[PDB]
Amino acid sequence: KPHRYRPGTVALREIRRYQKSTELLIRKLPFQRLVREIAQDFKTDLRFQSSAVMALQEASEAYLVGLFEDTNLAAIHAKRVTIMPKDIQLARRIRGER
Amino acid sequence: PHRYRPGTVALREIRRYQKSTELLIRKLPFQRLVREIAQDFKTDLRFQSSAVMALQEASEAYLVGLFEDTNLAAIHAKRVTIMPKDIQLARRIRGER
Amino acid sequence: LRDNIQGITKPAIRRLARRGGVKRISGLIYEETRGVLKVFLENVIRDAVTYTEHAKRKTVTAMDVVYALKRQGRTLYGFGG
Amino acid sequence: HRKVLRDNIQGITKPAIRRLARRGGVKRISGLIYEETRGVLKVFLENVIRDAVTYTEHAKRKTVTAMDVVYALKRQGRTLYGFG
Amino acid sequence: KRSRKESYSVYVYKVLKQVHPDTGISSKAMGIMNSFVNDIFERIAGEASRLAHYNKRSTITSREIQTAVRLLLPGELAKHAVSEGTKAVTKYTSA
Amino acid sequence: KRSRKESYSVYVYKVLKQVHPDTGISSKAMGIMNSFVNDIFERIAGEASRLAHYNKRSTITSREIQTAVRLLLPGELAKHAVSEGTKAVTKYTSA
Amino acid sequence: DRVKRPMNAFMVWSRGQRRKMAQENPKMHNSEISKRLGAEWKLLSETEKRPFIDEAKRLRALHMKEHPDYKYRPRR
Amino acid sequence: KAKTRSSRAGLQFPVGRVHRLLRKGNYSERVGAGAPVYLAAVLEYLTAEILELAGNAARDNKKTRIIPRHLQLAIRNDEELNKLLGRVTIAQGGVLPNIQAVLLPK
Amino acid sequence: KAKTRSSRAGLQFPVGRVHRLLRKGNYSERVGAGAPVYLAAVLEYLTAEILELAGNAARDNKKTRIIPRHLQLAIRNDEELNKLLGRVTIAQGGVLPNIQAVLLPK
DNA sequence: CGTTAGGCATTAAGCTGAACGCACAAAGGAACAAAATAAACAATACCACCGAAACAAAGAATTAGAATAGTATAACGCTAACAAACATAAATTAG
DNA sequence: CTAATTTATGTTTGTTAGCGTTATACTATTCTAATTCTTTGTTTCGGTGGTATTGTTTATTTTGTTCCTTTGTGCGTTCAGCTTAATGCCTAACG
């Protein structure tokens, strides 16, 4: 009989260790591929510096972490913990995004 | 007697005040409030009438923006009303606290 | 003539929320909205006071309120540039 | 060196979205969050990348530096510290 | 013998009579249009100034204005404004 | 024989050795401090420029900088910075 | 007891004219009568207004006699 | 015979005034001659886009004047002018009349 | 013997470089001599306030280096530096570790 | 890279008459506002559930790292030549 | 209703594209290492629906309470033309 944790118990330890640690959480090569995929449509054959893709990854992680903080605020406000896409759309709507 | 249903008069006032462009704050109490707050920062501060009109107009705009965001947050939480937690959330998500 | 945050009356806040499209307002909203308006005017008034104090003017013109509202991201149209 | 790219929004994976969510304090994440967050990321990257591309194309250049990404994030009001 | 307020009040009315001959305009709406013209002028000239600084250019030419128009104005407004602008400099240079 | 990056990297280390002799600093944190110094310089100089324009002043003196410091920096940071600044000009004028 | 300012030629002229309009228009709002009186007042000639002007002037001099050291001090 | 720079481009906004505002506005040391012509062009097109929608709003309301309620209506009803003027509020303008569908009865 | 303008005010930041950046930054035509001294003063005080809280954070963590996690901690824990740097995010900084009290178990 | 000694030409402090801006006299219902109340509908407390998300182990498949070579490209310096500021004479226009 | 504000012409000058070169970081390739993404099988728990109590908002009427729009007069505030010292920018020199 193996030992199993409960849903949420491991989640708090993961929240703590990811709030403590400062690294990037999405890999650099799919972000390079996605940035070069998107920037085709504005001008083809662009060279991306590694520092430019790293700066885009830093600002991307910062924007998504702030948006998920506001999503958790809105989901807590509606007496939920499981965030939902309407919370994302609401937190974008209040923020002045759309 | 024939009293209206609760909210039907509120709906007619919603459509009337949204069709209206009038100033909903009386000029004399807003003048008193502005010259009551601004003494704390500096004394002997007369105001032009255009300045207190601008302050009333901008506070009107800021409060109706705050209240449409508040009603968004209240509808989101399955509530028709407005509670002050909605105002707290709409000020927090906008990044003003 | 003191305590002028009760100058912003309770029907004049119900009208502000009816303009915003609000069907029901609870009774605990008026004091919170009064505090919100108070801190908003504190910010804009402090900025306009520093404006008119830098120019050594004892009065607060309209342009100082425009410039004080511009810096918080809410530009006023209509009162001159 | 000619190549076209496709379907790179699946490269930002679902247990790599969950780490960005659990950094922000989220305790439970629903199933339909992922495509919406990818779309949010897509429109944000599209705005900031279009700004960076206009920045580098004004300068008669062919590559994208990090300084232009910093200026593009400055124009959106999200200033980045650490690149000059 | 008052000094005169330098403003864009006549030219908004000229554009209005070009585009809508029957409808009149208020005075406070003319002030709103004056404030809007000055706001958009500050936005475009500020972006042109910071673009000339980022490229170490001491001269703001029409390229910086065109890039700033493509920066600020979203959607089809950008390319419509650029077509209007290039029509204007081709008119100004052909004469 | 590369051209040199003009930056504030030495003076942040001088301030750090004045305020904290034992702890060292990274290189990327020194770059962050350089970017922060340039950001705050742009904020204060932009507010000083627009204040000199709003009063039709062609000269930015220390009054505009003092007013811009009181504008941007909130709380006790404003009056602490003003006391530091006036200490600096009294030092510079006494000598 | 605070001293009130001397009534100006229009206020004196409205005190008696205002009552005249109220008796002929006793259901008319003061807000509207005040508007018509101003319209009618702007149509009087200087010679016809002069009598009103001199009386206000006399009320002002007589008011000054009762309260010579009086000063107009508006609240800012 | 000499013809003005505003009608050299075939416009209404004065090229000389926007040139003078670019000079004394302190944006650069020099400014190109195509810059005020381009800027007057985009400005004239922009208020043309405002005044056309404002006139259609005022003619749609069976009025003959442009009051700022019409300017607020023409700006808030649009999509790509709403992104340009999203933070700016309008004096004596009111709001765009729209009520949330859950507040309305069935 | 002549002494530098940075130590004339008794500071570390160079008065000449901030004077040159105010000149070539195109903010006005003229600039007062008290302006770079005042600006170097408020700048030096500002990074002194950053580095003092950063050193107290790094000494509080039993580290001897300032990594940007310490800068993010020192900025986000403060009140009146958080209003100055609220929109700015920090490279390799992480977040301020704080968990909402309703997510935590009892 | 940074500071310092003398012109000079621009610029802010100083000053006064003049023009602006605001409060306020009466009026006297109109329009607003506070207060008390009936009750009706909205917020909320509680309960069931079920399917949806977390947890785990395995493997796959992907990224990381490194050496390296080509290699487009970007960042250095001369150079012309071109475009814009500046000094000085109309004109139309407009508040 | 005529001063004033834009427009045109020639001159200087200082900015910038063209050119050359070269360095330099970028892109691609091919290996191992490692690490982490995706599949599949538990498992357990939170969003959502449904009902009942309650608590509090609304709409209304009564009774105060104020307001509002009108012109002339008094007084304090600002502003613009004119004086005048302050000062900052440029050049030459030095370190």
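Chains as they are written, first to last, in the authors' numbering: chain A, 37 to 134; chain E, 38 to 134; chain F, 22 to 102; chain B, 18 to 101; chain D, 27 to 121; chain H, 27 to 121; chain K, 39 to 114; chain C, 13 to 118; chain G, 13 to 118. For every residue, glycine included, the Cβ atom is placed at its ideal position computed from N, Cα and C.
- chain F partners of H:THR93, CB-CB under 7 angstroms? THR71 and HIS75, listed in chain order.
- Identify which residue in D:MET59, D:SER35, D:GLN44 and D:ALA71 has its Cα closest to the Cα of C:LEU34. D:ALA71
- Reducing DSSP to helix, strand and coil, say where A:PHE78 ends up. coil
- Message: In the DSSP output, what is H:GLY50 paired with across the bridge?
- Response: G:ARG77
- Message: Under 9 angstroms, CB to CB, which of the residues in the segment 87-102 of chain C have a partner in chain E?
- Response: Residues passing the 9 angstroms Cβ filter: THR101 and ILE102.
- Query: So, G:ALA60 versus H:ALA114, is the Cβ gap smaller than 9 angstroms?
  - Reply: no
- Query: Across which residues does DSSP place H:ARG83 in a beta bridge pair?
  - Reply: DSSP output for H:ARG83 lists no bridge partner at all.
- The alpha helix (DSSP H) enclosing E:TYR41, as first and last residue numbers: Segment: none, E:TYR41 is in no alpha helix (DSSP H) and carries neither H nor E.
- Name the DSSP beta bridge partners of G:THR101, please? Looking at the DSSP assignment, G:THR101 forms a beta bridge with B:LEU97.
- Compute the distance between the beta-carbons of D:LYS117 and C:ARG71, then report whether it is under 9 angstroms. no
- Query: Straight-line CA distance for E:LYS115 to A:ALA114?
  - Reply: 8 angstroms
- By DSSP, does E:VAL117 sit in helix, in strand, or in coil? coil
- Please report how far the alpha carbon of A:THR80 lies from the alpha carbon of E:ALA75, in whole angstroms. 57 angstroms
- Query: If you measure beta-carbon to beta-carbon, which residues of the segment 88-102 of chain F are closer than 8 angstroms to chain D?
  - Reply: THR96, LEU97, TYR98, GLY99, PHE100, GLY101 and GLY102
- Item | Exposure label - G:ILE111; buried when at least 16 CB within 10 Å | exposed
- Quick check: the segment 63-77 of chain C against the segment 65-79 of chain D, are there 3 or more CB pairs under 8 angstroms? no
- Whole-Å CB distance - B:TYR98 paired with H:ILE58, under 8 angstroms assumed: 5 angstroms
- Task: With 9 angstroms as the threshold, decide whether the Cβ of D:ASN81 is near any Cβ in chain B.
- Result: It does; some Cβ of chain B falls within 9 angstroms.
- Query: Going along chain E, which residues have a C-beta under 8 angstroms from C:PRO109?
  - Reply: In chain order, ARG52, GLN55 and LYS56 make up the part of chain E whose C-beta sits under 8 angstroms from the C-beta of C:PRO109.
- Task: Could you say if the segment 55-65 of chain E and the segment 86-98 of chain E meet the contact criterion of at least three C-beta pairs nearer than 8 angstroms?
- Result: yes
- Does any CB atom of chain F fall closer than 9 angstroms to the CB of H:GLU68? no
- Query: Tell me the DSSP bridge mates of B:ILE46?
  - Reply: A:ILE119
- Could you please give the first and the last residue of the uninterrupted alpha helix (DSSP H) stretch that includes H:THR112? 102-120
- What number of angstroms, rounded off, separates the C-alpha of D:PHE62 from the C-alpha of C:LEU83? The C-alpha of D:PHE62 lies about 11 angstroms from the C-alpha of C:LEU83.
- So K:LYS103 is in the alpha helix (DSSP H); what residue range does that whole segment cover? First-last of the alpha helix (DSSP H) with K:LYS103: 84-104.
- Would you please state the rounded distance, in angstroms, between the beta carbons of H:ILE51 and G:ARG81? I believe it to be under 8 angstroms. With a Cβ gap of about 13 angstroms, H:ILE51 and G:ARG81 do not count as contacting.
- Query: Would you report the Cα separation of F:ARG40 and A:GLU94, rounded to the nearest angstrom?
  - Reply: 41 angstroms
- Between the C-alpha atoms of D:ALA104 and D:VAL95, what's the straight-line distance to the nearest angstrom? Cα to Cα, D:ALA104 sits roughly 6 angstroms from D:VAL95.
- Proximity test, Cβ basis, 9 angstroms: D:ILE86 and chain F: Contact of D:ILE86 with chain F is not assigned, every C-beta pair being separated by 9 angstroms or more.
- Message: What residue range does the alpha helix (DSSP H) around C:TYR57 cover?
- Response: 46-72
- Task: Name, please, each residue of chain D whose Cβ falls closer than 9 angstroms to the Cβ of B:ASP68.
- Result: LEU97
- Span separating the alpha-carbon of F:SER47 from that of E:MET120: 6 angstroms
- Count the other CB atoms within 10 Å of the CB of K:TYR110; is the residue buried (16 or more) or exposed (fewer)? Result: exposed.
- Query: Which residue from C:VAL49, C:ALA86, C:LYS95 and C:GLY22 puts its Cα closest to that of C:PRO109?
  - Reply: Of the candidates C:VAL49, C:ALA86, C:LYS95 and C:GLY22, the one whose C-alpha sits nearest the C-alpha of C:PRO109 is C:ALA86.
- Counting pairs of beta carbons, one from the segment 94-106 of chain G and one from the segment 39-49 of chain A, are three or more of them closer than 8 angstroms? no
- Along the alpha helix (DSSP H) that carries D:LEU98, what are the first and last residues, could you check? Its alpha helix (DSSP H) spans residues 88-98.
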